[PDB]
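**Student:** Got a structure for you, questions after.
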Amino acid sequence: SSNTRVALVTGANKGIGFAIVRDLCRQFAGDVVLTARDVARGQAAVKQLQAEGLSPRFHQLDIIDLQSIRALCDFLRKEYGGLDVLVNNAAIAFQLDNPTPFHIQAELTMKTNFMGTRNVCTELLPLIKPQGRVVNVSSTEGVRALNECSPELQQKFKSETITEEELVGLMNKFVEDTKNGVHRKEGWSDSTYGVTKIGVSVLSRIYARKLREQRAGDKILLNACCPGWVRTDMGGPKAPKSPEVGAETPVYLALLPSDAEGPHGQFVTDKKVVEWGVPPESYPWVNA
Ligand SMILES: NC(=O)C1=CN([C@@H]2O[C@H](COP(=O)(O)OP(=O)(O)OC[C@H]3O[C@@H](n4cnc5c(N)ncnc54)[C@H](OP(=O)(O)O)[C@@H]3O)[C@@H](O)[C@H]2O)C=CC1
């Protein structure tokens, strides 16, 4: 329903998500849709970008409100007849000193980081146009958390045949295991945030197969990635790189040139793919 291509980013009123929309408004040939769960916060962000010559469109979106997601679909369907670029950026993390009980932190982090991300995908993947790109912003914390789980769990996540059903099952188990205070007897990592990123990353793998299994001819590319340690409300003030820089790999994955057929279903960090599970080569100078 449109010959104009369109890109969309979740949780983009601030942080990396915001940075990503800026770069797209600059490097993407078509409309860029900035979304946010709060309209005021979201429109303000749009206004700020207009002050740079950029002109992105706005639309409300809370990836936790299934009804909010469906409305976006409607918007897209009618306005563009589909969607070309999707970047699942939105997320939360409970840091140190936050009183929230552990099992609750588990449940809420999972609820939006995995569940939310998945509900956006199941609803928008059908709308991705051929030559379309999908980027899921994960974290290397997922890999760290992956290596802390028991070899039995690691094997299940690293599987080539794991299903979307089994993945959703493992994520849910993790939450039940923490409420019942046994997740360690079950060989799980203590990192609720990390475990959710595992899910996002494995989910991307699974999605990559389904796409080539159900739409091989559509040349769609999908990958998960880590933007690095960045200065945001989530990253903290010590973070070495700024949002402008952090949005580099994600944007790169979003603009992969037409007909590339790779990378696909890969974990990308700093524009380079990284074997799933393989720990990070180095790490920034520590300034405690
Ligand atoms: N910062 C870092 O060092 C790293 C970040 N990442 C990943 O990058 C992504 C963005 O990180 P960062 O920029 O620091 O994040 P921020 O915490 O600065 O921003 C997160 C954004 O997601 C939004 N959001 C949270 N929950 C929801 C929801 N339910 N529906 C819609 N939007 C929501 C926030 O909304 P609102 O403003 O209204 O709260 C916000 O716009 C995340 O996926 C994160 O895990 C990965 C590795 C490192």
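Values quoted throughout were computed directly from the atomic coordinates according to the rules given, and no laboratory measurement underlies them. Here Cβ is always computed from backbone atoms with ideal geometry, including for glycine, and neighbour counts include all displayed protein chains.
**Student:** Inside segment 212-247, can you point out the residues that are among the aliphatic types (A, V, I, L, M), more than 16 Å from the ligand (Cβ to nearest atom) and free of Cβ contacts under 8 Å to residues at least 24 places away in the same chain?
**Tutor:** If the condition is that a residue be among the aliphatic types (A, V, I, L, M), more than 16 Å from the ligand (Cβ to nearest atom) and free of Cβ contacts under 8 Å to residues at least 24 places away in the same chain, then 216 is the only one that fits.
**Student:** Within the set of pairs 6 or more residues apart or between chains, which connect a residue that is among the basic types (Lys, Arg) inside segment 111-136 to a residue that is within 11 Å of the ligand (Cβ to nearest atom) with Cβ atoms less than 8 Å apart?
**Tutor:** Every condition considered, the pairs that remain are 111/64.
**Student:** Let me ask something else about it. Would you check which residues across segment 13-33 are within 10 Å of the ligand (Cβ to nearest atom) and on the phi < 0 side of the Ramachandran plot and list them? I'd like the intermediate steps shown before the answer.
**Tutor:** From segment 13-33, those within 10 Å of the ligand (Cβ to nearest atom) are 13-20; that's our starting set.
Once the filter is applied, which keeps residues that are within 10 Å of the ligand (Cβ to nearest atom) and on the phi < 0 side of the Ramachandran plot, segment 13-33 yields 13, 14, 16, 17, 18, 19, 20.
**Student:** Here's something else I'd like to know. Within segment 73-82, identify whether any single residue is aliphatic (A, V, I, L, M), within 14 Å of the ligand (Cβ to nearest atom), more than 23 Å from residue 226 (Cβ to Cβ) and more than 16 Å from the chain's Cα centre (by Cα), and answer yes or no. Can you show your working first?
**Tutor:** Step one: filter segment 73-82 for residues aliphatic (A, V, I, L, M), giving 76.
The next check asks that each one be within 14 Å of the ligand (Cβ to nearest atom); those that pass are none.
No: zero hits.
**Student:** Looking only at segment 1-12, which residues are surrounded by 13 or more Cβ atoms within 10 Å (Cβ to Cβ) and either within 12 Å of the ligand (Cβ to nearest atom) or closer than 21 Å to residue 256 by Cα (or both)? Walk me through it before giving the result.
**Tutor:** Taking segment 1-12 as the starting set, the residues that turn out to be surrounded by 13 or more Cβ atoms within 10 Å (Cβ to Cβ) are 2, 5-12.
Within segment 1-12, 5, 6, 7, 8, 9, 10, 11, 12 meet the criteria.
**Student:** Check segment 212-229 and report whether any residue there is touching a strand residue (DSSP E or B) at 6+ places or on another chain (Cβ under 6 Å) and assigned to a helix (DSSP H, G or I). Spell out the reasoning first.
**Tutor:** If we filter segment 212-229 for residues that are touching a strand residue (DSSP E or B) at 6+ places or on another chain (Cβ under 6 Å), which is where we start, we get 218-226, 228.
Add one more test, that the residue is assigned to a helix (DSSP H, G or I), and what stays is 218.
Taking every residue of segment 212-229 in turn, at least one turns out to be touching a strand residue (DSSP E or B) at 6+ places or on another chain (Cβ under 6 Å) and assigned to a helix (DSSP H, G or I).
**Student:** Give the residue that is surrounded by the most Cβ atoms within 10 Å (Cβ to Cβ), with candidates limited to residues of segment 181-198 that are assigned to a helix (DSSP H, G or I) and among the polar types (S, T, N, Q).
**Tutor:** Let us first name the residues in segment 181-198 that are assigned to a helix (DSSP H, G or I), namely 192-198.
Still in the running and among the polar types (S, T, N, Q): 192, 196.
Details: 192: 25, 196: 31.
Residue satisfying both the conditions and the ranking: 196.
**Student:** Could you figure out which of (1) without any contact (Cβ under 8 Å) to a residue 24 or more places away in the chain; (2) touching a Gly at 6+ places or on another chain (Cβ under 6 Å) isn't true of residue 39?
**Tutor:** Every listed condition holds for residue 39 apart from (2).
**Student:** What number of residues within segment 117-173 satisfy the criterion of being away from the ligand (no atom under 16 Å from the Cβ), among the basic types (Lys, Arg) and either crowded, with 17+ Cβ neighbours inside 10 Å or over 18 Å from residue 107 (Cα atoms) (or both)?
**Tutor:** Residues meeting the conditions: 4.
**Student:** Among the residues of segment 34-53 satisfying the criterion of being away from the ligand (no atom under 13 Å from the Cβ) and in contact with a helix residue (DSSP H, G or I) (Cβ under 8 Å, 6 or more places away or on another chain), which is nearest to residue 251 (Cα to Cα)?
**Tutor:** Checked segment 34-53; the qualifying residue nearest to residue 251 (Cα to Cα) is 49.
**Student:** For segment 248-273, which positions are in a loop (DSSP other than H, G, I, E, B), free of Cβ contacts under 8 Å to residues at least 24 places away in the same chain and either out of contact with any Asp or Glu (no Cβ under 9 Å at 6 or more places or on another chain) or closer than 21 Å to residue 216 by Cα (or both)?
**Tutor:** Restricting attention to segment 248-273, the residues satisfying the condition of being in a loop (DSSP other than H, G, I, E, B) are 255-266, 270-271.
Now restrict to residues that are free of Cβ contacts under 8 Å to residues at least 24 places away in the same chain: 257, 271.
If the condition is that a residue be in a loop (DSSP other than H, G, I, E, B), free of Cβ contacts under 8 Å to residues at least 24 places away in the same chain and either out of contact with any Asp or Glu (no Cβ under 9 Å at 6 or more places or on another chain) or closer than 21 Å to residue 216 by Cα (or both), then 257 is the only one that fits.
**Student:** Can you tell me how many residues within segment 95-138 are closer than 18 Å to residue 170 by Cβ and outside any helix (DSSP H, G or I)?
**Tutor:** So the answer is 2.
**Student:** A further question on this structure: Residues of segment 8-51 being closer than 20 Å to residue 77 by Cα, under 15 Å from the mean Cα position of the chain (by Cα) and small (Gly, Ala, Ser), which ones?
**Tutor:** Within segment 8-51, just 36 meets the criteria.
**Student:** What do you reckon, is residue 69 within 17 Å of the chain's Cα centre (by Cα), within 18 Å of residue 232 (Cα to Cα) and buried (at least 17 other Cβ atoms within 10 Å of the Cβ)?
**Tutor:** Numbers: within 17 Å of the chain's Cα centre (by Cα): yes; within 18 Å of residue 232 (Cα to Cα): no; buried (at least 17 other Cβ atoms within 10 Å of the Cβ): yes.
No, not satisfied.
**Student:** Only one of these is within 16 Å of the ligand (Cβ to nearest atom), in contact with a helix residue (DSSP H, G or I) (Cβ under 8 Å, 6 or more places away or on another chain) and closer than 22 Å to residue 15 by Cα: 280, 250. Name it. Working first, answer last.
**Tutor:** Numbers: 280 fails: closer than 22 Å to residue 15 by Cα.
Step by step, each of 280, 250 is checked, and only 250 is within 16 Å of the ligand (Cβ to nearest atom), in contact with a helix residue (DSSP H, G or I) (Cβ under 8 Å, 6 or more places away or on another chain) and closer than 22 Å to residue 15 by Cα.
**Student:** Now for a different question. Looking only at segment 54-72, which residues are away from the ligand (no atom under 12 Å from the Cβ) and out of contact with any helix residue (DSSP H, G or I) (no Cβ under 9 Å at 6 or more places or on another chain)? Working first, answer last.
**Tutor:** We begin by selecting, within segment 54-72, every residue away from the ligand (no atom under 12 Å from the Cβ); these are 54-58, 67, 70-71.
Of everything in segment 54-72, those that are away from the ligand (no atom under 12 Å from the Cβ) and out of contact with any helix residue (DSSP H, G or I) (no Cβ under 9 Å at 6 or more places or on another chain) turn out to be 67, 71.
**Student:** Let me ask another. Test of understanding: among 104, 92, which residue is surrounded by fewer than 18 Cβ atoms within 10 Å (Cβ to Cβ), of a type in the set (A, V, I, L, M, F, W, C) and away from the ligand (no atom under 11 Å from the Cβ)? Talk me through it step by step, then tell me what you get.
**Tutor:** Working: 92 fails: away from the ligand (no atom under 11 Å from the Cβ).
That would be 104, the only listed residue that is surrounded by fewer than 18 Cβ atoms within 10 Å (Cβ to Cβ), of a type in the set (A, V, I, L, M, F, W, C) and away from the ligand (no atom under 11 Å from the Cβ).
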